[PDB]
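What follows is a single structure, written as structure tokens, with notes after it.
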There are 2 protein chains.
Amino acid sequence: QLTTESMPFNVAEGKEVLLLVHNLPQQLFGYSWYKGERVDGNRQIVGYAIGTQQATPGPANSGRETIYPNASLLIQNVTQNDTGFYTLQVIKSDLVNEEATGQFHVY
Amino acid sequence: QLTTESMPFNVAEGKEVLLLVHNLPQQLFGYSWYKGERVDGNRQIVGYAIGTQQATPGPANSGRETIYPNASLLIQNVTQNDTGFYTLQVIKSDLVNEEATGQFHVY
């Protein structure tokens, strides 16, 4: 059920893009965003815990990523290298997690 | 740094194998074992919350696997088709997750 959408999909280099998160599961611990099509802690952008309400930057964090409590990912000042796919992992309390993947284009 | 290693790597058809998990990072949530070299909710074997102590079987559960508090995974009555890769995801509490992938063969 979990899906993500870009807003706007096509983004002008310089201003922001919003990756909305739809159909969030229930029973949640936190979120994890990754740069790419797969879940990879080596390319993790940010890790946010709901209970502690504090986010931790991953290896691929550029400082331009503000995360929202609904796991939505905002990227201000989009670079041509910020283009491509973005993967979200929603960590459920029963450790049976869910992942969605989205993308946006940059000119 | 989180690594795993099959023990033994070369397994006799029908016998047992253990995927030792060490270099475990402190401050954890729980574990998730997947069948394959990628983290993927459908090929999930087991999910374990270390504070609920609860262990929920995934869609890839064959009832031969057993996860331990030390995150290790043991597979009994090993068939030859199991020859492949297994991915453990260690969920931190800062939600910056670590992953290790194990390998074992059956002769």
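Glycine also receives a Cβ, built like all others from the backbone with ideal geometry; neighbour counts cover every protein chain displayed. Computed from the coordinates by the stated procedures, all read-outs in this text should not be read as laboratory data.
Some notes on this structure:
- Enumeration of residues in the stretch B:70-101 that are in a loop (DSSP other than H, G, I, E, B) and either basic (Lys, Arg) or under 10 Å from the mean Cα position of the chain (by Cα) (or both): B:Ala71, B:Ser72
- Residue pairs meeting the criteria (Cβ under 8 Å; at least 6 apart or on separate chains; first at positive phi, in the stretch A:73-86; second in a loop (DSSP other than H, G, I, E, B) and not basic (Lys, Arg)): A:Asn77/A:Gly14; A:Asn77/A:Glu16; A:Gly84/A:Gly36
- Residue check, B:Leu19 in contact (Cβ under 8 Å) with a residue 24 or more places away in the chain, within 10 Å of the chain's Cα centre (by Cα), farther than 25 Å from A:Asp40 by Cβ and assigned to a strand (DSSP E or B): no
- Cross-chain or 6+ apart pairs with Cβ under 9 Å, the stretch B:48-69 first and outside any loop (DSSP other than H, G, I, E, B), then of a type in the set (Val, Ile, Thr) and surrounded by fewer than 15 Cβ atoms within 10 Å (Cβ to Cβ): B:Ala55/B:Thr66
- Subset of the stretch B:28-43 that is surrounded by 15 or more Cβ atoms within 10 Å (Cβ to Cβ) and part of a helix (DSSP H, G or I) - its residue that is farthest from the other protein chains (Cβ to nearest Cβ): B:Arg43
- Only residues that are away from chain A (no Cβ under 14 Å), touching a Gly at 6+ places or on another chain (Cβ under 9 Å) and among the small types (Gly, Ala, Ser) were counted in the stretch B:52-104, giving 1.
- Filter result for the condition that a residue is more than 14 Å from every other protein chain (Cβ to nearest Cβ) and touching a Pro at 6+ places or on another chain (Cβ under 9 Å), over B:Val11, B:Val21, B:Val17, B:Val46: B:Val17
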